[PDB]
Amino acid sequence: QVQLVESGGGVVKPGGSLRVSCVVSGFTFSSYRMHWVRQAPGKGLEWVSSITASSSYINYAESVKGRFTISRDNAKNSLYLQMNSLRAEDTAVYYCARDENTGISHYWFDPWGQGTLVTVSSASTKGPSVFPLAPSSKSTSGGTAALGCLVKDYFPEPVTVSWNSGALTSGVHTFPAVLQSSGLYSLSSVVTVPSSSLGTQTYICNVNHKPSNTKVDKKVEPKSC
Amino acid sequence: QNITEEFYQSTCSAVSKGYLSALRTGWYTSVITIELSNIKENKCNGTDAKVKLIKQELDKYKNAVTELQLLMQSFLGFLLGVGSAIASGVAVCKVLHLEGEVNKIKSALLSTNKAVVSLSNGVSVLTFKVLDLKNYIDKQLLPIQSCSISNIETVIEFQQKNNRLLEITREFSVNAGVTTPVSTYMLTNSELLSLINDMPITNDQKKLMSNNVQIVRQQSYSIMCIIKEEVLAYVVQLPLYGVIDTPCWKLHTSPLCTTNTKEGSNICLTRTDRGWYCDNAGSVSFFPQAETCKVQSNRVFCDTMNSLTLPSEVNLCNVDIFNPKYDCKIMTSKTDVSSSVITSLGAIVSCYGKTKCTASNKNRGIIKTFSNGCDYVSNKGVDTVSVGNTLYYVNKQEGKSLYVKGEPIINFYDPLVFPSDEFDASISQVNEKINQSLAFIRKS
Amino acid sequence: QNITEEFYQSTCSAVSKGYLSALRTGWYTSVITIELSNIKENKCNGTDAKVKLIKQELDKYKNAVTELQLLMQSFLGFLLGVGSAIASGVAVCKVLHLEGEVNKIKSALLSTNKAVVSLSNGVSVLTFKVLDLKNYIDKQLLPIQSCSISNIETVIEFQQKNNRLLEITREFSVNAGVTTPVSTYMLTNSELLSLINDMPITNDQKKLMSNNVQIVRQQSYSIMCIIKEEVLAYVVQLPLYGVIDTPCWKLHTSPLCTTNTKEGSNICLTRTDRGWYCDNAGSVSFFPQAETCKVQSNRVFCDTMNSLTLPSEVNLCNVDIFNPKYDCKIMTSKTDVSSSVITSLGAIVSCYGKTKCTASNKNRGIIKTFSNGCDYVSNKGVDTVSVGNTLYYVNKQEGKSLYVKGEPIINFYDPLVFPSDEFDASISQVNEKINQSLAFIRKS
């Protein structure tokens with residue numbers, strides 16, 4: 001089965017450098033031309049660079065010319081993309097794809113990789129800011145009362161929230177993070193529980209932050225008004 | 001840094017690698033037109049000197065037109081197969097003989113010199129106009145009645161503008177309307193480059209073709225197509241290189257024999273799969289008649305019509321000839337004669353009998369003497385090898401060579417039950433024959 | 001209404017018929033002469049610009065004359081036999097070196113440009129004068145001597161009158177005095193037609209030759225013969241077509257093999273008698289090397305020097321290969337490789353192993369996929385066939401094709417006792433070996 005697996009993506013400040021990789025298996029690597037294609041979050045596709053089976057011809061897009069460098073190693077079945085002087089608009093998922101062609105008019109990309117994300121942000125890594133959001137009379141009664149915690153001002157995206165160490169899974173809804181003009185994220189989670197069960201059920205919001213090892217937990221209980 | 005060689009002592013063969021592919025997998029056809037004149041023999045008269053030359057030139061032009069009008073009327077190479085080279089261009093001309101095709105091409109080229117015209121069958125061909133004799137003749141050679149010429153440079157201009165048509169007519173006349181190597185009279189370098197630039201291909205293919213124009217010429221055709229009304233048309237059939245920049249290697253083989261001192265009683269063996277091998281989309285293309293592959297530096301131009309499709313496992317024969325995955329092809333004999341094979345970076349010497357075999361260089365002279373058997377010498381410090389009464393010059397191309405030692409395989413056979421004659425056998429067939437012969441030997 | 005084809009599935013071969021014959025059975029020789037001048041170094045120590053050009057053009061003429069003077073100084077193709085192509089023209093020139101033969105020719109052509117001269121051996125040949133440089137140089141260039149040229153058109157006229165001799169000298173120089181394709185410098189089209197008109201042949205033969213002058217040129221010779229006194233002479237050896245307008249038919253063959261799944265254990269078979277077949281007088285002429293026959297529309301030009309004489313019973317091999325009247329020739333092997341043969345109106349596909357075989361047209365793409373075995377496809381709605389990594393174009397000639405069904409003959413053989421490495425065998429010879437092998441195995 002033909003497989004292309006990309007790796008090496010990560011966060012990097014503007015003007016920095018990075019190197020992505022793609023390792024193939026299941027076919028004769030040195031018989032084909034290979035490509036890099038990128039897609040910005042919420043945007044369309046864009047061809048980046050190509051390299052023939054023996055590195056004799058190379059092409060670049062006009063937006064990355066002079067800054068990126070494509071290469072391959074036929075003995076290891078891997079090709080690389082060296083990115084330099086990275087800009088803000090270089091934030092995207094990068095795919096490796098194999099060339100298919102009919103010899104004259106048709107040229108397409110039949111097999112695609114899975115993608116590797118690259119983020120170019122001037123912000124600096126910071127720990128999350130966790131606060132509780134106790135239920136209130138206005139937001140109670142009806143059928144059930146809802147209560148949650150708030151995470152604020154955290155740069156790296158992968159923030160995970162678990163309530164009872166994974167023992168609460170019904171009525172828990174998580175919202176997508178918001179990108180502020182300052183470059184920091186902030187996401188709030190809300191939980192729905194019976195109004196008559198208020199106080200009898202323990203609510204704790206665990207915020208685990210791998211890039212800052214900030215594993216904090218905060219109780220959400222009603223506090224008068 | 002590019003190309004290396006390896007010599008295998010067990011089989012007396014060598015492999016050169018480091019080359020890059022350019023394989024012709026298709027054809028591209030174009031139409032070339034020449035706008036022509038229908039001058040009648042209606043000149044008034046003349047007894048001048050500069051008018052007689054003009055009349056001779058006109059006679060040449062008319063004779064060429066009449067001639068053009070008269071022209072059109074109505075080992076292992078034996079496993080290849082038979083194709084037809086110019087079928088596509090001939091089909092294009094067969095279409096071009098229909099009713100309104102010539103008028104369509106005329107109407108599409110009056111204002112420009114290049115155009116893409118869609119024919120009645122739906123295929124869109126590229127048309128190009130290279131010469132306009134009608135314009136010159138009509139607007140500068142019939143000043144209303146040419147009975148007196150006042151300048152001599154007009155004669156020179158007219159005879160300069162006429163040479164292209166006479167040279168095309170001669171070429172078509174000595175070839176019966178089909179010239180394989182396309183010359184600069186049929187297409188100039190500027191025209192060929194523009195034609196390459198207009199093809200719907202990638203920029204890599206265009207870069208490959210623009211830097212190797214001589215090869216493109218050597219692999220092209222030109223077919224006399226039609227001359228009617230005031231248009232001369234012929235078709236040019238260009239190669240299409242669908243596969244480019246893949247690894248390719250060459251195989252050299254020489255006979256391998258035993259070295260008994262008696263006149264007979266010696267058995268020989270030779271690998272028969274010489275030629276070029278190139279990677280092609282998960283398999284290998286093998287070209288046995290290696291004489292039909294052109295080489296430019298480390299780029300090989302091979303025509304797929306003269307190839308066989310083989311599995312990628314064929315390469316195992318170089319590293320191990322007794323592997324079970326693939327059955328290598330050999331031939332057997334009893335005639336042991338000395339000879340030499342010149343490889344990319346050296347020479348294989350098979351020296352047998354009473355022959356004298358040596359290697360030398362210009363500064364020091366002889367620097368090696370070969371004994372009986374198969375041997376290899378690199379070209380680092382060797383200029384020539386001499387075998388018997390023959391002398392060879394080795395290629396002086398740069399690269400690295402490697403010597404791989406091993407016991408020759410002809411020593412593993414028993415001469416008593418050795419199959420003496422096998423032109424198109426393999427390892428398994430020889431083994432199975434030896435097994436037969438040896439089984440029948442049973443007493444009582 | 002002319003070309004039809006039939007494919008036989010039993011033997012994996014196709015026959016094309018509907019062609020017409022033009023067989024070259026003899027030779028006709030003619031003598032071409034050019035009259036030279038005896039210009040000796042003139043003094044004329046001028047300094048004018050035109051005088052220098054005239055001197056250069058005279059130096060070219062003299063160098064050409066000296067060079068001309070120096071020129072003369074004291075399957076189944078292995079069964080054909082060797083002849084000598086230019087024996088007759090060489091005999092004519094050997095005659096022309098005798099004492100008074102040049103004088104006889106010179107004195108018989110002064111009044112006219114064409115004549116029939118009887119040689120000392122009794123043979124009468126056509127002698128034809130094509131160029132007269134003696135008259136233009138002795139008169140009008142050295143008037144009785146133009147040592148100060150007053151006109152520029154004299155230089156141009158002399159340059160025009162001199163090109164023929166220089167071109168002839170070049171052609172003879174790069175060919176050691178024998179040019180196979182006769183160029184229009186040696187014989188213009190008008191001169192060739194006038195020469196054909198004077199041969200003592202029938203009007204049908206003259207019509208056949210007049211409409212195919214491009215083939216006549218391709219099948220002719222020119223031999224540098226002698227230059228003595230003020231005459232240049234060379235012989236032109238033309239083809240004679242003694243047999244015309246008889247039926248002719250072509251044969252195409254492809255290997256036939258079994259389709260076992262195991263890589264080995266498969267036996268193959270092929271008819272080796274592919275080529276052109278024409279019946280002239282109560283028998284059949286066979287040309288194994290089909291490359292030696294030119295085709296113009298439905299007219300085939302073949303040379304009998306490359307043919308074998310066969311009985312009319314050979315045609316029975318196409319209808320029934322096991323007939324007793326004639327023994328058909330085959331070839332046996334054990335290597336099954338896929339390939340294609342492009343026929344007159346279609347293609348034969350032998351697709352074996354794991355290869356992918358298809359046929360397609362431009363509008364709809366693939367329209368057929370082939371299975372293991374030998375098959376045939378017509379060119380009625382097919383443009384290309386692809387076998388493995390190779391692509392072929394089919395001919396687009398118009399005609400009808402017929403498919404004949406039958407069991408392949410390779411299934412009737414027992415693989416255990418089947419001979420394999422038989423290059424030049426036949427049906428009866430294979431049967432005899434099979435019978436002997438089968439009779440040996442009766443031990444008790």
# chains A, B, ... in the order shown; residues from 1 in each chain; ligands from 1
call {"tool": "calpha_fit_rmsd", "arguments": {"fixed": "chain B", "moving": "chain C"}}
result
0.4 Å
call {"tool": "select_by_dssp", "arguments": {"residues": "stretch 110-339 of chain B", "states": "strand (DSSP E)", "output": "compact mmCIF listing (two decimals) with N, CA, C and O atoms, in the first residue's frame"}}
result
# COMPACT_ATOMS: atom_id res chain seq x y z
N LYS B 114 1.90 31.85 -36.85
CA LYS B 114 1.59 30.67 -36.08
C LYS B 114 0.10 30.66 -35.76
O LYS B 114 -0.54 31.71 -35.67
N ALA B 115 -0.45 29.46 -35.58
CA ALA B 115 -1.87 29.32 -35.29
C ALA B 115 -2.16 27.87 -34.95
O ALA B 115 -1.44 26.96 -35.40
N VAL B 116 -3.20 27.66 -34.16
CA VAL B 116 -3.71 26.33 -33.84
C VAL B 116 -5.05 26.18 -34.54
O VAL B 116 -5.98 26.94 -34.28
N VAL B 117 -5.15 25.20 -35.44
CA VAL B 117 -6.32 25.00 -36.27
C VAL B 117 -6.93 23.65 -35.93
O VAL B 117 -6.22 22.63 -35.91
N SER B 118 -8.23 23.63 -35.67
CA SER B 118 -8.95 22.40 -35.37
C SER B 118 -9.49 21.82 -36.67
O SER B 118 -10.26 22.48 -37.38
N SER B 124 -6.70 19.25 -32.91
CA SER B 124 -6.18 20.59 -33.14
C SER B 124 -4.68 20.51 -33.37
O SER B 124 -3.93 20.07 -32.50
N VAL B 125 -4.25 20.94 -34.55
CA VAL B 125 -2.85 20.85 -34.96
C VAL B 125 -2.25 22.25 -34.95
O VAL B 125 -2.95 23.26 -35.08
N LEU B 126 -0.94 22.31 -34.80
CA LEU B 126 -0.19 23.55 -34.80
C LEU B 126 0.39 23.78 -36.19
O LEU B 126 1.11 22.92 -36.72
N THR B 127 0.06 24.92 -36.79
CA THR B 127 0.48 25.27 -38.14
C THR B 127 1.43 26.46 -38.09
O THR B 127 1.30 27.34 -37.24
N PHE B 128 2.38 26.48 -39.02
CA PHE B 128 3.43 27.49 -39.01
C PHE B 128 3.85 27.77 -40.45
O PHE B 128 4.02 26.85 -41.24
N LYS B 129 4.00 29.05 -40.77
CA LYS B 129 4.39 29.49 -42.11
C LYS B 129 5.84 29.94 -42.09
O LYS B 129 6.21 30.83 -41.31
N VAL B 130 6.66 29.35 -42.96
CA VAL B 130 8.10 29.55 -42.92
C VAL B 130 8.60 30.44 -44.06
O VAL B 130 9.64 31.09 -43.90
N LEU B 131 7.91 30.47 -45.20
CA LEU B 131 8.40 31.22 -46.35
C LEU B 131 7.21 31.74 -47.14
O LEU B 131 6.17 31.09 -47.22
N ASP B 132 7.39 32.92 -47.73
CA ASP B 132 6.36 33.58 -48.54
C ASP B 132 6.99 34.04 -49.85
O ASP B 132 7.46 35.17 -49.96
N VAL B 178 10.05 11.30 -47.64
CA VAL B 178 10.19 11.05 -46.20
C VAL B 178 11.67 11.15 -45.85
O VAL B 178 12.45 10.27 -46.22
N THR B 179 12.04 12.20 -45.13
CA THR B 179 13.42 12.42 -44.68
C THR B 179 13.48 12.20 -43.17
O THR B 179 12.78 12.88 -42.42
N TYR B 221 10.90 13.19 -37.96
CA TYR B 221 10.59 12.81 -39.35
C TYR B 221 10.05 14.04 -40.05
O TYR B 221 9.84 15.04 -39.36
N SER B 222 10.05 14.04 -41.37
CA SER B 222 9.39 15.05 -42.18
C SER B 222 8.76 14.37 -43.39
O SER B 222 9.46 13.69 -44.14
N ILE B 223 7.46 14.56 -43.57
CA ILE B 223 6.68 13.85 -44.58
C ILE B 223 6.10 14.87 -45.55
O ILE B 223 5.34 15.75 -45.15
N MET B 224 6.45 14.73 -46.83
CA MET B 224 5.75 15.48 -47.87
C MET B 224 4.27 15.14 -47.85
O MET B 224 3.88 13.97 -47.88
N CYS B 225 3.43 16.18 -47.82
CA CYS B 225 2.03 16.00 -47.45
C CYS B 225 1.08 16.41 -48.57
O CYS B 225 0.26 15.59 -49.00
N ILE B 226 1.15 17.65 -49.07
CA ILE B 226 0.26 18.08 -50.15
C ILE B 226 0.74 19.39 -50.75
O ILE B 226 1.37 20.21 -50.08
N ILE B 227 0.44 19.61 -52.03
CA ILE B 227 0.64 20.90 -52.68
C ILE B 227 -0.52 21.18 -53.62
O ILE B 227 -0.58 20.65 -54.74
N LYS B 228 -1.46 22.03 -53.19
CA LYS B 228 -2.62 22.36 -54.01
C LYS B 228 -2.99 23.82 -53.78
O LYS B 228 -2.68 24.41 -52.75
N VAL B 231 -0.55 26.60 -51.90
CA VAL B 231 0.08 26.22 -50.64
C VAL B 231 0.86 24.93 -50.77
O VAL B 231 0.36 23.94 -51.32
N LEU B 232 2.09 24.94 -50.27
CA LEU B 232 2.89 23.73 -50.08
C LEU B 232 2.89 23.38 -48.60
O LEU B 232 3.22 24.22 -47.76
N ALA B 233 2.52 22.14 -48.29
CA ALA B 233 2.42 21.69 -46.91
C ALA B 233 3.13 20.37 -46.72
O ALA B 233 3.03 19.46 -47.55
N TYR B 234 3.87 20.25 -45.61
CA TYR B 234 4.44 18.99 -45.18
C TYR B 234 4.31 18.89 -43.66
O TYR B 234 4.16 19.90 -42.97
N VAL B 235 4.37 17.67 -43.16
CA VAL B 235 4.19 17.38 -41.74
C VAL B 235 5.54 17.08 -41.12
O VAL B 235 6.38 16.41 -41.73
N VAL B 236 5.75 17.58 -39.90
CA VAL B 236 6.95 17.30 -39.11
C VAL B 236 6.52 16.54 -37.86
O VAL B 236 5.65 17.01 -37.12
N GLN B 237 7.14 15.39 -37.63
CA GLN B 237 6.78 14.49 -36.54
C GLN B 237 7.88 14.53 -35.49
O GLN B 237 8.99 14.02 -35.73
N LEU B 238 7.58 15.14 -34.31
CA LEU B 238 8.60 15.34 -33.29
C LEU B 238 8.47 14.33 -32.17
O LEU B 238 7.36 13.87 -31.86
N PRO B 239 9.58 13.95 -31.53
CA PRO B 239 9.50 13.01 -30.41
C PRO B 239 8.90 13.65 -29.17
O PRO B 239 9.07 14.84 -28.91
N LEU B 240 8.20 12.83 -28.39
CA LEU B 240 7.68 13.22 -27.09
C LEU B 240 8.40 12.38 -26.03
O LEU B 240 8.38 11.15 -26.09
N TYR B 241 9.03 13.06 -25.08
CA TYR B 241 9.78 12.40 -24.01
C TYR B 241 8.90 12.40 -22.76
O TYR B 241 8.90 13.35 -21.98
N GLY B 242 8.14 11.31 -22.58
CA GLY B 242 7.24 11.23 -21.45
C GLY B 242 7.91 10.88 -20.14
O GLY B 242 7.41 11.26 -19.07
N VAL B 243 9.03 10.17 -20.19
CA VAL B 243 9.78 9.77 -19.00
C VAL B 243 11.15 10.41 -19.08
O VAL B 243 11.86 10.26 -20.08
N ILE B 244 11.53 11.13 -18.02
CA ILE B 244 12.78 11.87 -17.98
C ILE B 244 13.39 11.78 -16.59
O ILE B 244 12.68 11.74 -15.58
N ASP B 245 14.72 11.74 -16.55
CA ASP B 245 15.48 11.93 -15.31
C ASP B 245 15.36 10.74 -14.36
O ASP B 245 15.31 10.90 -13.14
N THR B 246 15.32 9.53 -14.91
CA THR B 246 15.33 8.31 -14.12
C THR B 246 16.69 7.61 -14.23
O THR B 246 17.43 7.84 -15.19
N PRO B 247 17.05 6.77 -13.26
CA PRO B 247 18.35 6.11 -13.33
C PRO B 247 18.41 5.06 -14.44
O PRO B 247 17.46 4.32 -14.67
N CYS B 248 19.56 5.02 -15.12
CA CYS B 248 19.81 4.09 -16.21
C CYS B 248 21.21 3.51 -16.04
O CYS B 248 22.10 4.15 -15.48
N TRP B 249 21.40 2.28 -16.54
CA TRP B 249 22.70 1.64 -16.46
C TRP B 249 22.91 0.76 -17.68
O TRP B 249 21.95 0.37 -18.36
N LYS B 250 24.17 0.45 -17.96
CA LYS B 250 24.57 -0.35 -19.11
C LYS B 250 25.27 -1.62 -18.66
O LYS B 250 25.98 -1.64 -17.64
N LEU B 251 25.08 -2.69 -19.43
CA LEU B 251 25.66 -4.00 -19.13
C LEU B 251 26.59 -4.43 -20.26
O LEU B 251 26.21 -4.37 -21.43
N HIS B 252 27.79 -4.86 -19.90
CA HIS B 252 28.77 -5.39 -20.83
C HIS B 252 29.10 -6.82 -20.45
O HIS B 252 29.28 -7.13 -19.27
N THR B 253 29.18 -7.70 -21.44
CA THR B 253 29.45 -9.11 -21.22
C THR B 253 30.52 -9.60 -22.19
O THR B 253 30.67 -9.06 -23.29
N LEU B 256 33.15 -16.52 -21.30
CA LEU B 256 33.86 -17.12 -20.18
C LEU B 256 34.09 -18.60 -20.49
O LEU B 256 33.13 -19.33 -20.75
N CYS B 257 35.35 -19.03 -20.45
CA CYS B 257 35.72 -20.36 -20.90
C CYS B 257 36.71 -20.97 -19.92
O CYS B 257 37.29 -20.29 -19.08
N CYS B 268 32.58 -23.06 -23.01
CA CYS B 268 32.44 -21.62 -22.89
C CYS B 268 31.04 -21.25 -22.43
O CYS B 268 30.12 -22.07 -22.43
N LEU B 269 30.89 -19.99 -22.03
CA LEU B 269 29.65 -19.48 -21.47
C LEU B 269 29.63 -17.96 -21.62
O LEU B 269 30.67 -17.32 -21.46
N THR B 270 28.47 -17.40 -21.93
CA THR B 270 28.35 -15.97 -22.14
C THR B 270 26.95 -15.51 -21.77
O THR B 270 25.96 -16.14 -22.17
N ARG B 271 26.86 -14.41 -21.03
CA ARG B 271 25.58 -13.74 -20.82
C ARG B 271 25.16 -13.00 -22.08
O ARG B 271 25.97 -12.30 -22.71
N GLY B 275 22.99 -4.48 -23.07
CA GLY B 275 22.23 -3.34 -23.52
C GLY B 275 22.05 -2.33 -22.41
O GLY B 275 22.78 -2.33 -21.42
N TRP B 276 21.06 -1.47 -22.60
CA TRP B 276 20.72 -0.41 -21.65
C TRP B 276 19.48 -0.80 -20.86
O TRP B 276 18.56 -1.43 -21.39
N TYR B 277 19.47 -0.43 -19.58
CA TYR B 277 18.33 -0.66 -18.69
C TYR B 277 17.96 0.65 -18.03
O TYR B 277 18.84 1.36 -17.52
N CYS B 278 16.68 0.98 -18.02
CA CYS B 278 16.19 2.22 -17.43
C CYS B 278 14.95 1.94 -16.59
O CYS B 278 14.15 1.07 -16.91
N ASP B 279 14.81 2.71 -15.50
CA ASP B 279 13.65 2.59 -14.62
C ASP B 279 12.44 3.26 -15.25
O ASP B 279 12.53 4.40 -15.72
N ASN B 280 11.31 2.56 -15.27
CA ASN B 280 10.09 3.06 -15.92
C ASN B 280 8.88 2.65 -15.09
O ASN B 280 8.32 1.56 -15.28
N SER B 283 8.85 -0.68 -13.20
CA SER B 283 9.42 -1.79 -13.94
C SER B 283 10.66 -1.28 -14.67
O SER B 283 11.13 -0.16 -14.42
N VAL B 284 11.21 -2.09 -15.57
CA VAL B 284 12.44 -1.78 -16.27
C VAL B 284 12.22 -1.92 -17.77
O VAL B 284 11.57 -2.87 -18.23
N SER B 285 12.75 -0.97 -18.53
CA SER B 285 12.77 -1.03 -19.99
C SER B 285 14.16 -1.47 -20.43
O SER B 285 15.15 -0.83 -20.07
N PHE B 286 14.23 -2.54 -21.21
CA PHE B 286 15.50 -3.11 -21.66
C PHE B 286 15.62 -2.93 -23.16
O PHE B 286 14.71 -3.30 -23.91
N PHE B 287 16.74 -2.36 -23.60
CA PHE B 287 17.01 -2.10 -25.01
C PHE B 287 18.18 -2.97 -25.47
O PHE B 287 19.34 -2.63 -25.18
N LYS B 294 21.06 7.10 -28.11
CA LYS B 294 22.01 8.20 -28.18
C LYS B 294 22.38 8.66 -26.78
O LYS B 294 21.54 8.73 -25.89
N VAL B 295 23.66 8.99 -26.59
CA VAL B 295 24.18 9.43 -25.31
C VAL B 295 24.77 10.82 -25.47
O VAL B 295 25.58 11.06 -26.37
N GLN B 296 24.31 11.78 -24.59
CA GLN B 296 24.86 13.14 -24.50
C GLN B 296 25.33 13.33 -23.07
O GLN B 296 24.52 13.50 -22.16
N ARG B 299 23.29 11.69 -20.24
CA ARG B 299 21.88 11.59 -20.59
C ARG B 299 21.72 10.65 -21.77
O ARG B 299 22.36 10.83 -22.81
N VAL B 300 20.85 9.65 -21.62
CA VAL B 300 20.64 8.61 -22.62
C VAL B 300 19.26 8.81 -23.24
O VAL B 300 18.26 8.89 -22.52
N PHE B 301 19.24 8.85 -24.56
CA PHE B 301 18.00 8.99 -25.31
C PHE B 301 17.70 7.66 -26.00
O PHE B 301 18.37 7.29 -26.96
N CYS B 302 16.69 6.96 -25.51
CA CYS B 302 16.31 5.65 -26.03
C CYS B 302 14.87 5.68 -26.52
O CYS B 302 14.03 6.40 -25.98
N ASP B 303 14.60 4.90 -27.56
CA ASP B 303 13.28 4.83 -28.18
C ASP B 303 12.56 3.59 -27.67
O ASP B 303 13.07 2.47 -27.79
N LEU B 308 11.92 -4.08 -24.34
CA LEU B 308 11.07 -5.07 -23.69
C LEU B 308 10.81 -4.62 -22.26
O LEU B 308 11.65 -3.97 -21.63
N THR B 309 9.64 -4.98 -21.74
CA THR B 309 9.24 -4.65 -20.38
C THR B 309 9.59 -5.82 -19.47
O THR B 309 9.11 -6.94 -19.68
N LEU B 310 10.41 -5.56 -18.46
CA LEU B 310 10.91 -6.60 -17.58
C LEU B 310 10.62 -6.25 -16.13
O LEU B 310 10.48 -5.08 -15.78
N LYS B 329 19.70 -15.28 -18.51
CA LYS B 329 19.83 -15.85 -19.85
C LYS B 329 21.30 -15.91 -20.24
O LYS B 329 22.04 -14.94 -20.06
N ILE B 330 21.72 -17.06 -20.79
CA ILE B 330 23.10 -17.31 -21.16
C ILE B 330 23.12 -18.02 -22.51
O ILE B 330 22.09 -18.38 -23.07
N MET B 331 24.33 -18.20 -23.04
CA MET B 331 24.57 -19.06 -24.19
C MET B 331 25.82 -19.89 -23.93
O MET B 331 26.70 -19.48 -23.17
N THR B 332 25.88 -21.06 -24.56
CA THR B 332 26.97 -21.99 -24.36
C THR B 332 27.58 -22.36 -25.70
O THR B 332 26.91 -22.32 -26.74
N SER B 333 28.87 -22.71 -25.68
CA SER B 333 29.60 -23.00 -26.90
C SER B 333 30.84 -23.81 -26.55
O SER B 333 31.05 -24.20 -25.39
N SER B 339 39.31 -11.91 -27.35
CA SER B 339 38.67 -10.68 -27.78
C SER B 339 38.72 -9.68 -26.63
O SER B 339 39.19 -10.00 -25.53
call {"tool": "select_by_dssp", "arguments": {"residues": "stretch 116-209 of chain B", "states": "alpha helix (DSSP H)", "output": "PyMOL selection string"}}
result
chain B and resi 133-140+153-173+189-198+203-209
call {"tool": "interface_residues", "arguments": {"of": "chain B", "to": "chain C", "cutoff": "8 Å", "atoms": "only C-alpha atoms", "output": "PyMOL selection string"}}
result
chain B and resi 25-26+49-50+53+67+70-71+74+79-84+87-88+91+152+170+173-176+280+285+304-305+307-309+422-425
call {"tool": "interface_residues", "arguments": {"of": "chain A", "to": "chain B", "cutoff": "10 Å", "atoms": "only C-alpha atoms", "output": "PyMOL selection string"}}
result
chain A and resi 27-33+51-59+101-107
call {"tool": "residues_around", "arguments": {"residues": "residue A:20", "least_positions_apart": "5", "cutoff": "9 Å", "atoms": "only C-alpha atoms", "output": "list in words"}}
result
residues 6, 7, 8, 9, 79, 80, 81, 82, 83, 94 and 116 of chain A
call {"tool": "atom_distance", "arguments": {"atom1": "atom CA of residue A:13", "atom2": "atom CA of residue A:121"}}
result
5.3 Å
call {"tool": "atom_distance", "arguments": {"atom1": "atom CA of residue C:410", "atom2": "atom CA of residue C:440"}}
result
22.8 Å
call {"tool": "atom_distance", "arguments": {"atom1": "atom CA of residue B:408", "atom2": "atom CA of residue B:353"}}
result
17.7 Å
call {"tool": "closest_residue", "arguments": {"among": "A:71, A:141, A:160, A:77", "to": "residue A:24", "atoms": "only C-alpha atoms"}}
result
A:77
